[PDB]
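Step one of this worksheet: look at the structure below.
What follows is calculated from the coordinates using simple rules that are stated; it is not laboratory data. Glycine also receives a Cβ, built like all others from the backbone with ideal geometry; neighbour counts cover every protein chain displayed.
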2 protein chains.
Amino acid sequence: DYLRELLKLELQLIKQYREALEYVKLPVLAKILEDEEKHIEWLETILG
Amino acid sequence: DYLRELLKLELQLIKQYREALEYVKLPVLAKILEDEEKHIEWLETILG
């Protein structure tokens with residue numbers, strides 16, 4: 001509920017970022033997706 | 001399409017993060033999302 005839209009969507013964005021990486025053929029996308037991944041991880045761990 | 005994927009579907013998150021900011025009472029969410037906003041801005045501006 002609170003987190004489907006804040007993390008569960010983020011998962012598909014990281015995933016989609018890997019698709020767009022190839023189409024846009026730029027390592028910057030991989031760096032953006034990576035950096036986001038850590039923030040997203042903060043939600044997908046939330047202390048634990 | 002790539003941008004529909006990593007811009008439109010990004011934007012809703014920054015939106016939903018705000019929806020789920022005040023209820024969650026962690027400034028971390030706004031801080032995370034601010035960063036995300038910049039990351040997404042890269043796509044929407046795609047300057048270089």
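Under 9 Å between Cβ atoms, which residue pairs at least 6 apart in sequence (or on different chains) link something in the range A:17-32 that is more than 10 Å from chain B (Cβ to nearest Cβ) with a partner that is buried (at least 16 other Cβ atoms within 10 Å of the Cβ)?
Close Cβ pairs (under 9 Å, with a partner that is buried (at least 16 other Cβ atoms within 10 Å of the Cβ)) amount to A:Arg18/A:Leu29; A:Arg18/A:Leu33; A:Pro27/A:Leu21; A:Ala30/A:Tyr17; A:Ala30/A:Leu21.
Here is a list: B:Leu26, B:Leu11, B:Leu33. Which entry is surrounded by fewer than 18 Cβ atoms within 10 Å (Cβ to Cβ) and under 19 Å from A:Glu34 (Cα atoms)?
B:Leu11
Return a yes/no flag: does the range A:7-23 have any residue that is in contact with a helix residue (DSSP H, G or I) (Cβ under 6 Å, 6 or more places away or on another chain), part of a loop (DSSP other than H, G, I, E, B), closer than 25 Å to B:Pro27 by Cβ and not hydrophobic (A, V, I, L, M, F, W, C).
No, that holds for no residue.
Would it be correct to say that A:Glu19 is surrounded by 11 or more Cβ atoms within 10 Å (Cβ to Cβ) and either under 9 Å from the mean Cα position of the chain (by Cα) or on the phi > 0 side of the Ramachandran plot (or both)?
No.
Name the single residue that is farthest from A:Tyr23 (Cα to Cα) among those in the range B:5-16 being more than 8 Å from every other protein chain (Cβ to nearest Cβ) and not β-branched (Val, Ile, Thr).
Of everything passing the filter in the range B:5-16, B:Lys15 is farthest from A:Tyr23 (Cα to Cα).
Yes or no: the range B:34-42 includes at least one residue that is over 25 Å from A:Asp1 (Cβ atoms) and either touching a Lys or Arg at 6+ places or on another chain (Cβ under 7 Å) or touching a residue at least 40 places away in the same chain (Cβ under 8 Å) (or both).
no
Name the residues in the range B:39-48 that are within 9 Å of chain A (Cβ to nearest Cβ) and either assigned to a helix (DSSP H, G or I) or within 11 Å of the chain's Cα centre (by Cα) (or both), would you?
Result: B:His39, B:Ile40, B:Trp42, B:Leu43.
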